[PDB]
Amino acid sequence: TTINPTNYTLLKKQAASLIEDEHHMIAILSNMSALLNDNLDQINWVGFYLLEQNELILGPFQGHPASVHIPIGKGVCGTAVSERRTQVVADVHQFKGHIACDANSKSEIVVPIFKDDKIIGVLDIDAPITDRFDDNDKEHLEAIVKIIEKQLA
C-alpha cells in the first residue's frame, strides 16, 4: 500500500530508447502509455487524448474504457488545453462536480503536448488516491512529453 518510487531517470531513458526512429504518432502514444503503465505505481489509468475538430478525443491508453469526447476548458484535460499548461490535481473531487466519475480517480495529472507550439493532445494519468502527483512528478512527466514531442516534431 506504500507508493513504491518511480526511477524517472531510467524512465526517460527507457522512453527515448523505446520511440527512437519512430515518427508515427499512434504507435508512439500506444507504446508510451504501456511504458508509463509499467513504471508508475498506484495509478488506474494512463493515456492520451488528441485535439481534433476543436475538442479532445480519446487516443491510446492503458486501463478501463473512458470518455471519448472532452470539450476544451472542461475537466482536467480540457483545462490543460484551454490554459496550455500542465494540470496537477491533488484532489480531483473538489475539482468540478462529484458525480458518477468519482471512481478510482482521487488525484490526477494532465500534461499538454505541443508540436510547433500548438496543442496536439494531452497526457492523462489517474490515481486511486489523493496527492499522488507533485511538482517532481510534474517536472519529470513533462520531460517525457518532451521526449515524445521530439519524435513527432
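Numbers follow the displayed sequence, beginning with 1.
Two stretches are in play, 90 to 98 and 33 to 41, and the higher mean C-alpha B-factor belongs to 90 to 98. Looking at 140 to 148 and 5 to 13 together, the entry lists the larger mean B-factor for 5 to 13, computed on C-alpha atoms. Annotation for residue 115: C-alpha temperature factor in the middle third relative to the rest of the modelled chain, per the entry. Among the modelled residues of its chain, residue 26 has a C-alpha B-factor that falls in the lowest third according to the deposited record. Ranked within its chain, residue 103 lands in the highest third, by CA B factor from the PDB record.
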